[PDB]
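Quick setup: one chain, the form deposited in one PDB entry, written in structure tokens, and binding and motion questions come after.
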């Protein structure tokens, strides 16, 4: 960290990285957007990143070209059509427009600043991500994937932002795995097996595309947000404590509760306990759901695209605090269970007809993002595995990014909370018994 109020970030270059292919691509494929994708058009790009001891920018960029040739949708652009019925529609044109690639240097930032998230929000770390402020419908003129490699005093950070309409976290991490593999072996891709990309396709039989929707450019606001200062903290849960929380939750639960469910419920209760909310207030836990294996027929984890949804468990603060860990875990589990193919199909068909169910969320929710199932440490670009995975902006109170620990059986969380709540958690003896706050 640099001394003073200002941190130096020098942008060494900004360029467009186009795919590379051996073979001749003849046609421009089009990917149609489902109601899931269209509902997220006004959301901001999702931003994540990996920390390394060493990265060679030249080889990284070269390998990125090949990886983009293989994951071609990430190199395309959104196309917006104006229909004759006053509506608009959107699709993805896989035209190889390319990916925005930024090379920057933060000479005074070191590994420990990123490992410990030493500042406040936005602080220095926000600058490490290239898609801050970009909304998904900006993909008509901005790349669907943006990459920023930032040289640090003693390391290198690779941050990326991606357009939700083109991929979910699963597909993005598959892309990162392939990119790393390519960079490790040979940057030209000669020595890395090329595989055909299996796209999610269109699983909404009774919905025609493109879907006509009101122009989002003139659409009124849907959500209300209240700006505030926030603080990020890293939480670590050891194998031993994960298992203790699992045992306790299943001891108080009627249904079988997963380890991750138990830990998430514990963190949810502990945050609500110190949030200062009143008992009658509503609190929610928001959870990403990979629908690939829920759909009928089911798709494989290899399927490319956004096949994910957000499930929401709703309770009152009083309910959550008056009940035990098992009860909150059961709330999460029930919310997860209720995501079915029939209901997804019905809700999409209704959404097309403007028959919707308003999502009710609060400013004090637990907003779980990422997944303990992603192996973030397999992303060795050729100079060693990363030493950490991190999330970037945008920020909001209650965000909890889940990362599989270095040890298979452990968990890391990047939490975004009010400074007062962090202060209260730091002083919570029981919470610090089970969770280690960095």
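Residue numbers count along the first chain shown, from 1. Take the two forms, superpose them, and find the largest set of C-alpha atoms that agree within 1.5 Å; that set is the rigid core.
Note that the form deposited in another entry isn't included here; everything after this is about it.
The comparison between the shown form and the other one, aligned on the rigid core, picks out a single residue among 123, 362, 201, 318 whose CA moves by 2 Å or more, and that residue is 362. With the core held fixed, residue 225 shows a CA shift of 2 Å or greater between the shown form and the other one. A change of 3 Å or more separates the two forms for residue 225 and residue 393: their C-alpha atoms lie closer together in that other deposited form.
CA of residue 226 to CA of residue 161: closer by 3 Å or more in that other deposited form than in the shown form.
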